[PDB]
Each structure stands twice: as structure tokens, then as C-alpha cells.
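Notes to accompany the following structure.
The numbers here are math on the coordinates, done by the rules we state, and not lab data. Heads up, the Cβs are rebuilt from the backbone with ideal geometry, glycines too, and the neighbour counts pull from every protein chain shown.
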Amino acid sequence: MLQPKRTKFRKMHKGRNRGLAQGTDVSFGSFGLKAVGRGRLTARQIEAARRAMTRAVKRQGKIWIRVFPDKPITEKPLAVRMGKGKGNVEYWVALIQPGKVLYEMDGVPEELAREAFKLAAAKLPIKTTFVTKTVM
Amino acid sequence: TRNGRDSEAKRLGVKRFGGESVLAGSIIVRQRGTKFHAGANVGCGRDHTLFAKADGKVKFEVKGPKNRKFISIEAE
Amino acid sequence: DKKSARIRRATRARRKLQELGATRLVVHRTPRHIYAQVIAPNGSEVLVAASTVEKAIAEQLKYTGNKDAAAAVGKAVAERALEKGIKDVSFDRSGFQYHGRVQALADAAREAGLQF
Amino acid sequence: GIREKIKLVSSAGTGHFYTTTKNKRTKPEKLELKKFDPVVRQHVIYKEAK
Amino acid sequence: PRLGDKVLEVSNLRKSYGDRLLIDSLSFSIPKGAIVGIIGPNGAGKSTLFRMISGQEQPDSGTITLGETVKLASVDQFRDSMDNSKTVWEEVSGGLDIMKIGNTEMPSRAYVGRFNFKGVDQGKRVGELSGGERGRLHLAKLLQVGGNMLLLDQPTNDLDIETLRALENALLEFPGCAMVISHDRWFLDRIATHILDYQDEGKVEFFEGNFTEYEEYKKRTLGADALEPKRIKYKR
Amino acid sequence: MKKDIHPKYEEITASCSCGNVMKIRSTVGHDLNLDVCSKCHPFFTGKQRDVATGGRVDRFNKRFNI
Amino acid sequence: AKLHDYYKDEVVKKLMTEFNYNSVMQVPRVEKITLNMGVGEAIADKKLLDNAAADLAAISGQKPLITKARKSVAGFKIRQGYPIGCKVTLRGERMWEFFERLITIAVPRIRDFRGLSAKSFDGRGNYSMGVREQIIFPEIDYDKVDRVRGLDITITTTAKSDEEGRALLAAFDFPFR
RNA sequence: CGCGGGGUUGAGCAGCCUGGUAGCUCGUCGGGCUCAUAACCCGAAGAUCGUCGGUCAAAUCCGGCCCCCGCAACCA
RNA sequence: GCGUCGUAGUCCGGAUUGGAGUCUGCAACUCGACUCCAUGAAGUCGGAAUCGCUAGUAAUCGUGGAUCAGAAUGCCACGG
RNA sequence: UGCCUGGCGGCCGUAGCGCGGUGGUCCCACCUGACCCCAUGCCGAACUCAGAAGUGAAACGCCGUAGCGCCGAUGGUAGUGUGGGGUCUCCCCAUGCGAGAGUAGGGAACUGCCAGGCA
RNA sequence: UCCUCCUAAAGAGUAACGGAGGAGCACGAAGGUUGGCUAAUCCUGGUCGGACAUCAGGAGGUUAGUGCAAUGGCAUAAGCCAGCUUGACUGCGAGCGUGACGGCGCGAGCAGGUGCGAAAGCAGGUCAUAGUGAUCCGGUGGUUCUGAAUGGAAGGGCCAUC
Ligand SMILES: [Mg+2]
Ligand SMILES: [Mg+2]
Ligand SMILES: [Mg+2]
Ligand SMILES: [Mg+2]
Ligand SMILES: [Mg+2]
Ligand SMILES: [Mg+2]
Ligand SMILES: [Mg+2]
Ligand SMILES: [Mg+2]
Ligand SMILES: [Mg+2]
Ligand SMILES: [Mg+2]
Ligand SMILES: [Mg+2]
Ligand SMILES: [Mg+2]
Ligand code: NA
Ligand code: NA
């Protein structure tokens, strides 16, 4: 489920999520989906959104997923007192800072690409926008 | 819960800094490897500790073909 | 290589002597000549220099580059050194094995007024 | 642990001995070394003992 | 190796040391698949026979004729051929993790373990060994040639009852030929099929059978003589 | 050389059927006579007589002596 | 030796006109012969290695140096410090002597011999070949040999190219295809 | 899942015991005896020792994965 | 009767395979017999069990015939 | 004074790799021989000794060139000490410090004690 | 109870039933000097021999190794190979580091003898950091220090050690 195989450590600290993003430019295709807000994306949501874009185009153009969770989030069981160790790993998440480009496509006309991403933006917690590749 | 053990801190680091007047035999750095190599007028113990060999001033230098830090004592 | 594997063979002794800060008498042997000089604890400026390429010392020797030549140089460097106020030195192997015409060189210097 | 304590008695006849640990299994041969004897003030040979 | 009909016959053998004759005009032929017990007094040539069989000596007369299929493996009469400054495993194998017995190899550790030398008792130096353990180890080291004409010279040196019976039951199953020299006739009573009896003047006589059948031979051609002891004593 | 840890080296001589008497430096001490040698060397012969495989129609045509 | 003077007199003069170097000593020279017998089977018993060592001592007038395993590998059930091969090195005049007697009285003795493959060059003028039987050397009389284990011979030359090294072994009348 | 135990020929079991050495009884297959079958006699075959893996050396140690079998869930 | 081999997988064994062939036959590929040269394998007396034979018999040796263009280690007979 | 060479340093890639050309009067390596002290877990390959005919072939040293390695601004950005403010799991304003990466661009080292050729 | 890393906020220290691993040893050589040497991996050629054993030469440049976890180190090697060896010495110790204390650690140099080296020099254990247990009571060696009227002795004391 778009999840790392054979990591180095099973459990990780909570950390923080300040700062900005680095992969802010369209690099593989011509259209991309930025990330206006700051949050985090589950592995379930990445696949749920990808299935939404694919069913829109349904034959044409590559899709790149520039983001990858590789961070384990743990949960304590139901009706369990505090302490007694750290919780067990449940799902994997990908922290998102503003500007990060999540998905991006190629070979699709603009109008179809515009609505393909919108059907995916409805599945993601964070506010997202549309960006076109620039020569720079 | 399986883990939960640790060792007492060994209190390493630099004990006298640059421009500090030392007496003979005083410890300059407590070391694990050799991050600081023994320059002139300093020694090197079995614990890789760098002790002064003459009273003076501590001077850190970066002499060497591999840019390895050296500590030497100016005679004053 | 000859020189590449020899300079690394003499680095340890050359650095330890530098730490002690003593004047060292270094020998450089060649299949045709041999050299010996004394260099201050500075490591840069020299005091006494004798070699077989020098014309006067090599005139009296049949073939410069044997045991006989080196002892003539080994005695010769001692001659100059004692006239420069120098008595105590530390012989430096410089990589060459202390067996042949370097043993001959230093031994004559040892018997000609150098205390090492 | 298989190393057991042994003592190196002296050989000058005085009462003086060092102590050490020796593998009596893989080294059945007895030890003898040259150590300092501070009673007679000399380097004498120290033989193995109980 | 498989062995055929010729089992090193011996013809007109005569041995002497100066003038002291041990054996004169001896001739026999060991059959195939047999065990031959040798009996006689002390210093009557029993070890000398194995010596000349194994090529160490030469016969003053006659010739011993080996079979070409015969593999030789002779056990020395004395344990004093090991080096006391070596471990058991090293002494037997030769410092090899895998050695070979006969033709197939199998690991050295297992080969020694087959002689009841467990992994712990593996580590003792052969100088630190009881008499029976030393005998067992020497036998184990020498029996690795994988031969088939086993010339045992008193394997019952320092063997307990159970140690003795283990080899006593293992020998009866031997395919090859076994020549055994011993003094305790009770051990041979269970394994011997041919008999070599020594006598006076250097007389060696062959016989086919066990000791009860030897007694039967004596009783069939008997002689009245039982006055063995005289009790010389020591002090006047 | 390190001396006295080697078999003895000499200049022994052997002889072949085509003469071939050469004082070859070898460690034997009692020479062994030899078969054909470099003067009968099968380097101009062996490959030239190798080629005998292939060609059987001419083998059959001889049977048509009828 | 014999072929040393041959190299001094004929080979260099021929090669100067052949490949046309501007200096005499730019001509390739063959400098060492290394003979190795990799037993491997000596894992079971040591005596085999000593027999192979005596064999090489017979072929070349030197005591072989036995070589142990460089790496512990489980594929062949060996580990470091296990004597696994034997080796001999020949330099100078006594190298020339063995090299001469090789092409004199051992190559023709090869069973069903036709020649030596010419494309057996590692790209820098170094040659090697296995014999598969020690009996090509006349110092074995089927009296002490238990097996017919062979040997590998290597010839190391200063030829910077295999084309340069061609007319090195060719000039000595080697049996090439 | 909080705690323990187990996994070996087709079936049931040893051998884990401190590593160098895979066995047992039944059963499968082929002959024999018998009019024929059972019984009986003779001769064979086969097991990645659950799995991922990490001690010269393991079935044997250790960690994990899988499945199964028990035990405890008390005071209010 | 005179020789050799001296107990070995052999001067035992004669399978299998490669060449050369002779015949009968309209025709020897699937599928004949015989000859020559080379090759020279299992096999060192056989588990459970089981068969024949009471005198010219058992055991061993050779010859013959029927069938048939050719094709017997089988069958039917004969003697030592 | 100038050019060239050997030894000992200074500082450690702006100094090291790659490719092209090039040197043997002296210096330098290869080379010649090795019974001699010396050496080879075999070997004059290495270490070592006795020499001089050829050699500048490989290395070494010189120059030459931007395929590399390497160095690298200005501006901006991230961050952060102190004081305030917000919709406050994050930020903004005043002030002080201010990177890393990347762009331009720089880049075939500089140097002091001796001895030895030469002119 | 002890050792290594992170949490730990660029000196030191810093908690939780926070996240991950080890120790209760070994070595008379695996210690001391004096000489010498330098790895993993890949390619080409080569007798059995292959994906991988030994040999040769090229790329390679520490991805190697450390007596055993991890971190910091290591080419002058602290890694690898031999000779002779016992400094794995006795009495001290300027001066420092770290502890609430008990204690623990580093140490040039001095004296007496010692090994290695031609010497200059190095050596008071092991590349370092775990491999541990106070006091009381008792055991075994040395020492007339003491010895309950005196001379001895028992028993104490001091040094070494269990
Ligand atoms: Mg057979
Ligand atoms: Mg037979
Ligand atoms: Mg008829
Ligand atoms: Mg017919
Ligand atoms: Mg801090
Ligand atoms: Mg800190
Ligand atoms: Mg060590
Ligand atoms: Mg050293
Ligand atoms: Mg060391
Ligand atoms: Mg350590
Ligand atoms: Mg009293
Ligand atoms: Mg007392
Ligand atoms: Na006897
Ligand atoms: Na006893």
C-alpha cells in the first residue's frame, strides 16, 4: 500500500512539521497538483486519490506520485491505560509542507487534466491548487 | 517492555580551551578516539587523553596533510 | 615503487625525531653516490653537508658508491660538524636498511667525534 | 570463567610471590618468567606454584 | 579394499638374532576372512613376526608372499609413539577438519567421536590421558588407514571389561583378516579362529580352530605333564 | 638461493632416437632415454595428419565397381 | 643456458626490424615463470599436497611454496589457513633453462599433440597453459606417483600489447596454430 | 494477547539436552508361502526436522513470521 | 601325451558397441544368419522359498531330423 | 645572477587525476654480475653488495591544453538572540546576527636551507 | 548492577513501565620492542575447477580488518607477517578530570634493576570505553612491631593473598 519495505527502525518520534517544501516545481510532466496547506497524508489517501485521477483519464498519460509516506504512525489499543510502552505501528504518513507537488501528469489536454486533479483534490485533507510547468 | 537501560555519562569533551594558561600535567581533552592528535608539548594517555607536558598556552591547530586537528602548547 | 614505498617506511622515525626536537643526520644512498647532511630542529635550514658528488672528496676514491666511499663521506661529515659547534646528533635511517654502506657511513662518524 | 588464580612463587628462597590467572586446561605446562624480587632487589626467575 | 584368495602365505621362514633362533622352518597360509590368535611365552618372537610381515625386518630363510589385494595396517606394541604436547583431536586427525577413513572422508570430529571421545573430552592433551584412554586414542589414530589385514599387537593393553567387550564384539564383524597377538586367552576364546602356538627350540605350530578344539586336539593326542610350579622365592 | 633445501641441479644429458644429445640442466642424476623429440616434433605433423574426417561419397563410389 | 643467448642475439635484432622501436630496450622481455598446482583435494589428507610438492620439486629445481586459502568460502568447504595449492617461481638464467627444456622435451611428449592456442593472451602479452599430466616431464617413472594430476604454466612478459607479445613467443619457435 | 507449550517420514512418537552420528512401531511398494485372501517370511523406498533469517559446526542457539494447544481476566 | 598360465575380475567371462564383410532372397532400415578386426560390461556360487532324479538312471559331451529360400539356446531322437 | 637536478622542509587538490609533447654532459632509474656479510615461510621480484657498455622504453621531472576532481562570490532564501502581535499543533512586525545549495566566475600551484651540471 | 547509541535543545549534566543493542570474559601470547608488509570487490587468461578455492596482470582505493554490542578512532597504521623476549617490574609521584561521600580515572618525572634496538628511543599489559561486590568474620605465606611478674609461647598488629 505504497509503503516502505525493510526499513531500518520500526518506530519513530512524533517530530514537528514546520518549514516549507523543496519539490515545488513541475519536473516530469506538464501539469501538477501543489499543496497550499500544511498537514499530512496517509497511505490510504494517496491510493484513494490516485484511483480517482486514473478513472478520469482512464487510458492516457503517465502519472507521477512525487510523495511517499515512509513514516510510521502508531496507536495504542482501545481501553488501555497510559504508559506501558509505545504503541504499535498502524499506518504510514507523508508530512506535507506548503508548496510540495503531490501528483503530476503528462500527455493530457488541459481541460481534462484540470478536472482530473479536482476529483482527486476532494479526497485529500489539505487545500490543493493547480500548477503548470514553467521553463524558468 | 524489553528495553529501558542505559549507561552512566562518561563526561568527555574539551576541558581547557584556547588561550588558557595551564600547569604541567593538566588534562586538556578527555577523548574516545583521537579526534585531537598530540602536538608538541602535549602527551597522549592510554585512554587517549591529551595532557599538558609544560605550562603555557593551549593552541589548537589544523596542521597536516589530512587536515587533522592538533593541540600544542605555546611556551610562555 | 622504490621511493614511494621507502618514504612511507621512514615517516614514523622521521616524525618521532621531529617531536623530540633533535638535530638529525640524514643519509641518502644511491647506486652511484651517497649523501649525508645535518639539519636543524627547524627542519628547514641545514648546517653541514657532505656528498660523493662533491669533487674533492670523490677525487681520492676509485669508484664512488661502495663501502669505502661512504666511510670517507661518513668521516667527512663528522669533520665539518665538530667545527660548527655540533657534537650531539641522532642518526636517521631514512628508509634504507642499516646493514651496508650506511652502517659504514655512520660508524666512521661515530668514531670521528659524534656522540650517538 | 575457566581461568583460575595461580601464584608465581619466587626462586631466591624468600617469601615473595606474584599472582595471576592461568588456563589450567589448555596450558598444562607450568609457567616460569623473570620478575623483580623487591626483597633481594634483583631480577630472578619466578616459578609456578599453587 | 576387497581381498582375494592370497592372504600372505609364508614359506620356510627362519629367524635368528646372532645365534638365538626364534623361529625355524615355518610354513603356513592364512585363509580368507579369518582371525588368528598368537600365543606363547615372553620374548618368543611374536612381535618379530609382525615386524617381518610389515616389512621392517627380513627373513633369514624362506619368503613371506603377500597377496596383491592385501592392505596392511599393523598396530605397534607400544603406546610410546604419540607426542604428549598435542591435543587428542589434533593428534588423531592431523589438524584437518575433514580427514578420510578408507575411501569415504567423513568429518574428523565425528570420526573421533565414534571412539567415545566427546567434544569436551576432545581438548585434553594426549600426555594428560589415562592408560585406557591412551590405548583407545592410539588405536583410533592407527586404525584410520582403512586396511584389511589388521595386525593387532595386544590391543587389550589397559582395557576395562566393557571397553574390551566393545572391541571384542566389533572384531567378530570384520570383513578383512585379523591377526591378533595377546596373552589373555579369555579374550581370544571368543574371537580366535586360527591358533599360532609357540613352543621351545623355536618351534611354531599352526592350528585351525578355537581353543576348545585345540584342547580337543591335545586330549586326542595327549601327554601326561603337569608339574609347572616350583616357587623359587627371593631371600635365603 | 637458500641452499640445502632443494633437490640437486645438474647438466645431465639424455639421448633420443634421432640423436638429440643435449646437456639439459635437470634434476635426475641418472638419465632416462627418450622417444621422439624436437627434431621429430609433431608440430608440423600432428595437425597435418589430423585432417582425415569428412568425405564419404568417394568411399561409396568405389563400391560402384560394377 | 641456451635460449638466453638466443634471445640476446637473434630475437632482439629481428624484432627491431619487425616492430621498429626507436630504442633497443623497448623490445618486450619475458621475465618470470610461475608454476602452480592447485590441489584442493588435500583438504581430506595432507600427504597429497606433499606428493604434489615433491612433483613440482622434481619438475623445477626448487622447493615449492604452498599457498593457503585467501578467503573462507563455504561453497568449496574451505577456509583461510588451509594449504590448498603449491607454487614455484623461476627468474633469470635458471628460468631460461626450464623454459628451454619445456619446448625441447615436454611439448612434443603431449598426448595427441597438435599445437598451442594463440588466442590465450590476457591482452597484455602474458601466456598460460595447463598440461593435465605431469608425465610429459621425463622425471616420473610410475613408481612414486599416485595420480596423474597436472600443472599450470604462466609466462609473464613486459609486452604492453598482445600483438607485441605475439612475436615474443613466436620468435622462439613455439607450436602455435 | 497478557503469559506459557508445540510444529520431525504417509499416521503416532523419539532424538532439541547443550552441536559434529535421521531413528522407532504401523503403514506404501516388490517378491515368497496359499485354491484365493488375511496373517506370517524376505527385500526396498521416502523427511527443505513449520518458516524468514542470522554459530568451524544445529533438528538442537537466538530473534522474527505462520498456525495450533492451554492458562488468567481479582477487589469494588 | 607333451607345454604355458600360478589365483588375478586373470590368458576367466563374451554382453554391448564401431568398422570390414559372405550368403539366401524381388528385396536383410524398422527385422536374418554366419565370418574377421577392435571393444571386453554385469558376474568371485547367489534372501525368503523352491525343482528333478533309485542304474546305464542323475551329471556332462558331441551328432542327427522334422518345420524350412534363409532363419534353434526350443522340440523330437542317437550314441560316449 | 640565469636556467636544470638531488636531498630536507613550509602549507595540504586554485596544489590532485586525465590527455599531448619532451630529458640524459652532470644528476637520476631501469640495467651488468653476484661465490662475498646480507636476503627469499620458492624466486637477486624485494632487501644487499661489486660496477659500468646501452638505455631515456616504463617511472621521475618539466612545460601545454579546461574531460574531471577542486575553489567560489553579490543578491535572495531558510534559521535564530531580544521586544511586541496574531485566525496561535503555525506564523507576522522592530532590531541584531545570517547560512546550506545553486549562478557568474577562478582554476595546470606558490615558497626557504643547502649541495651539484652548465652558460 | 555495568557498557554503546538516540531522546539531550552545537561545553558538561539531564526523566518516563521512552526507541534500539550488549556484559558477569579471553590472552603467557592476542603483551614489549626491532625489522618487514598493506585490504573488500570486479574483469581478462589458465589442468581437473564451476557463480565462488590456487596462479598471472589490470581497474580499484579501505566498500577490508580489529578476540567478543555500538559509538569514536586507526596508513607513522591501533590491521597483517617473523626474531629475540617478560616493563602483564618494585617504591614514589609534580599536576589534573569526575563524584554528596565511599571511591574511580589520566599522569610527565625521580630511584633500583630489566628487555628490545647500531643508536635516538620505547616498554609500569591488550585501539579506548563493560567483563563486577564495601565492612565484619575466618584461612595461608613473610615480619621477634607487640608479648599482662621475667624469659618463651598463644593471640594480636603490618605486608602479600584467598
Ligand atoms: Mg564387479
Ligand atoms: Mg578367484
Ligand atoms: Mg534337414
Ligand atoms: Mg532351415
Ligand atoms: Mg546544551
Ligand atoms: Mg551535550
Ligand atoms: Mg592486540
Ligand atoms: Mg613497526
Ligand atoms: Mg601491537
Ligand atoms: Mg577491545
Ligand atoms: Mg610474659
Ligand atoms: Mg601474625
Ligand atoms: Na613383543
Ligand atoms: Na593409569
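Here is how the numbers come out for the structure above:
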read-out	value
Span from the chain D Cα centroid across to the segment A:1-32 one, whole angstrom	67 Å
Shape of segment A:7-136, Cα gyration tensor, a/c cut at 1.5	prolate
At q = 0.17, 0.18, 0.22 Å⁻¹, base-10 log of I(q)/I(0) for chain C (Debye sum, equal scatterers on each alpha carbon)	-0.81, -0.90, -1.30
Interchain or long-range residues, amide H under 5 Å from G:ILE78's placed H	G:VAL73
Centre separation in Å (Cα based) which lies between segment C:1-44 and segment E:13-55	78 Å
Whichever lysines have a C-alpha closer than 17 Å to that of C:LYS87, once near sequence neighbours (fewer than 8 apart) are set aside	C:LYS75
Whole-Hz ³J(HN,Hα) from phi, Karplus 6.51 cos²θ - 1.76 cosθ + 1.60, for segment B:3-16, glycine and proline x	7, x, 10, 7, 10, 5, 5, 8, 6, 9, x, 8, 9, 10
Residue among C:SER44, C:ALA13, G:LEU151 farthest towards the positive dipole end of the protein assembly as shown, charges placed on Cβ	C:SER44
Local net charge near D:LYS47, Cβ-Cβ under 10 Å (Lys/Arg +1, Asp/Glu -1)	-1
Mean Cα-pair separation over length for chain A, i.e. relative contact order, pairs under 8 Å, 6 or more apart, %	44 percent
Over chain G, equivalent-ellipsoid semi-axes from the Cα gyration tensor in Å	33, 19, 15
Chain B - Kirkwood radius from inverse mean 1/r over Cα pairs (Å)	13.3 Å
Qualifying chymotrypsin sites (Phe, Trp or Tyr not before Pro) for segment G:8-85 [loop in DSSP, other Cβ within 10 Å: at most 15]	G:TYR21, G:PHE76
Positive-end residue of B:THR1, B:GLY43, B:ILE27, charge dipole of chain B with Cβ unit charges	B:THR1
Among B:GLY25, B:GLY45, B:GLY64, residue whose mean-square fluctuation peaks in a GNM of chain B (springs only between Cα atoms under 10 Å)	B:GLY64
Per-residue ³J(HN,Hα) for segment A:57-66, Karplus 6.51 cos²θ - 1.76 cosθ + 1.60, θ = phi - 60°, Hz, x for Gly and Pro	7, 6, 9, 10, x, 6, 10, 10, 10, 6
Relative contact order %, chain C, counting alpha carbon pairs below 8 Å whose residues are six or more apart	27 percent
Residues of type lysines that C:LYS2 reaches as a straight line, Cα spacing below 25 Å, ignoring anything fewer than 8 places off in the same chain	B:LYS66, C:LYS16, C:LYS67, F:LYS2, G:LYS32, G:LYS160
Any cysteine of the protein assembly as shown lacking a neighbouring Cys Cβ under 4.7 Å - listed by number	B:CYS44, E:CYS177, F:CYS18, F:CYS40, G:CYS86
Tilt relative to chain G, helix G:92-105 - C-alpha long axis, 0 to 90 degrees, to 10	80 degrees
Qualifying GluC sites (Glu not before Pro) for segment C:24-69 [loop in DSSP, other Cβ within 10 Å: at most 14]	C:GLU45
Cα principal axis extents for chain D, largest first, Å	35, 16, 14
Three-way shape label, segment E:124-188, alpha-carbon gyration tensor, a/c 1.5	oblate
Once the Cα gyration tensor of the protein assembly as shown is diagonalised, semi-axes √(5λ) in Å	70, 50, 47
Helix E:131-142 axis, angle to chain E major axis (alpha carbon atoms, nearest 10°)	80 degrees
Nearest-0.05 FRET efficiency for E:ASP80 and E:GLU213, computed from C-beta distance (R0 25 Å)	0.10
Under-5 Å amide H pairs with A:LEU95, H placed in peptide plane, nonlocal only	A:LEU41
Set of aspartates and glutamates near B:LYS59 by C-alpha distance (under 19 Å), chain-local residues within fewer than 8 positions excluded	B:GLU20, B:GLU74, B:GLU76, C:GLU19
Amide H contacts under 5 Å for B:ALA54, placed H, 5+ residues apart	B:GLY25
Under Karplus coefficients 6.51, -1.76 and 1.60, residue-wise ³J(HN,Hα) of segment E:155-172 in Hz, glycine/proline x	x, 7, 6, 10, 9, 6, 5, 6, 4, 5, 5, 4, 5, 5, 7, 6, 6, 4
Modelled FRET efficiency - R0 35 Å, F:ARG49 with E:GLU68, Cβ distances, 0.05 increments	0.30
Neighbour-limited loop hits for chymotrypsin sites (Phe, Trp or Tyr not before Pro), segment A:1-68 (at most 12 other Cβ within 10 Å; DSSP other than H, G, I, E, B)	A:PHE9
